[PDB]
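The chain below stands alone and is given as structure tokens, in the form deposited without this ligand.
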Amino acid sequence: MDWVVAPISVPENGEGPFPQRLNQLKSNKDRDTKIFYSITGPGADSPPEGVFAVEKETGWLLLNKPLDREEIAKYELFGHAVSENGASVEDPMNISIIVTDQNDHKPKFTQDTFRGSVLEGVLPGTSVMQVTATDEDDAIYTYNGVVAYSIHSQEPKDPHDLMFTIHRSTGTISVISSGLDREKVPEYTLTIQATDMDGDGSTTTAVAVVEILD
């Protein structure tokens, strides 16, 4: 052809229909004799078996089911070409398959509860703590794995509500009001959120507990 194929990029979670054609393998010895094609490697003849196949007669490389980037992100397979008289007519061909991302993981907070303390007299603008959520999707080329933080809600609501903020990118929680008074309200429970696609995607929650120190 030459007996080569460029790396193939396949987005995960393809709709099909399956089996899906990716590339047609072909040995120029098929002018001379009938060629039988086959494939080996993890994803073909070793676990996960049968994700990919090749059609014996035609050389079509097929994907049999949708892929999942977070299970396996890249496959390295080998294609074979054998004459009808049983002789290999090519050295095995390196077939590289790269699985590209879709946004299919929700963020996950690293803790169900995060705790931080401040002195009663801290001024507005004071950083209390930094929370974190991870996201298994790509955050280099897209926002699939990019988390935006927000505050869902605060209890109690004394001396008033929305006394805290969270930095949309860093997860740093700050107090933005005056009026902390430990003798009145010694602790606040914040329900916090993390949302992928930098705020447009899906959202998980955790708790941040703010202790007013004595």
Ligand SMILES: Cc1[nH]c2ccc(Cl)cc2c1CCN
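Note that residue numbering begins at 1 and tracks the sequence as displayed.
**Q** Tell me which of 26 to 34 and 150 to 158 has the higher mean C-alpha B-factor in the deposited entry.
**A** Per the PDB entry, the higher value belongs to 26 to 34.
**Q** Check the entry's C-alpha temperature factors for 189 to 197 and 16 to 24, then say which stretch has the higher mean.
**A** Going by the record's values, the stretch with the higher mean is 16 to 24.
**Q** Looking at the C-alpha B-factor values in the deposited entry, which of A133, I98, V128, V82 comes out highest?
**A** Across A133, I98, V128, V82, the entry lists the biggest C-alpha B-factor for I98.
**Q** Consider only the C-alpha atoms of the modelled residues in this chain, order them by B-factor as the entry records it, and name the third containing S9: lowest, middle or highest.
**A** For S9, the deposited C-alpha B-factor lands in the highest third.
**Q** Which third of the chain holds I140 when residues are ordered by C-alpha B factor: lowest, middle or highest?
**A** It falls in the top third of the chain.
**Q** What third of its chain's C-alpha B-factors does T165 belong to: lowest, middle or highest?
**A** Bottom third by C-alpha B-factor.
**Q** Should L77 be placed in the lowest, middle or highest third of its chain by the C-alpha B factor in the entry?
**A** CA B-factor rank for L77: middle third.
**Q** Splitting the chain's C-alpha B-factors into thirds, which one does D104 fall into?
**A** CA B-factor rank for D104: middle third.
Missing here is the form deposited with this ligand bound; even so, the following discussion is about that form.
**Q** So in the entry with it bound, does any heavy atom of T100 sit within 4.5 Å of this ligand?
**A** Yes, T100 is a contact residue.
**Q** Can you tell me if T142 lies within 4.5 angstroms of this ligand in the entry with it bound, counting non-hydrogen atoms only?
**A** Heavy-atom contact with this ligand at 4.5 Å: present for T142.
**Q** Going by a heavy atom distance of 4.5 Å, is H105 a contact of this ligand in the entry with it bound?
**A** It does not: once this ligand is placed as it appears in the entry with it bound, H105 has no heavy atom within 4.5 Å of it.
**Q** May I ask you to state whether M197 is within 4.5 Å of this ligand in the entry with it bound, using heavy atom distances?
**A** The answer is no: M197 has no heavy atom within 4.5 Å of this ligand.
**Q** Using a 4.5 Å heavy atom cut-off, which stretch among 92 to 100, 78 to 86, 125 to 133, 110 to 118 contacts this ligand in the entry with it bound?
**A** This holds for exactly one stretch, 92 to 100.
**Q** Would you give me the residues of 190 to 214 that have any heavy atom within 4.5 Å of this ligand in the entry with it bound, in order from first to last?
**A** If the 4.5 Å heavy-atom criterion is applied to this ligand in the entry with it bound, 190 to 214 yields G201, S202, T203.
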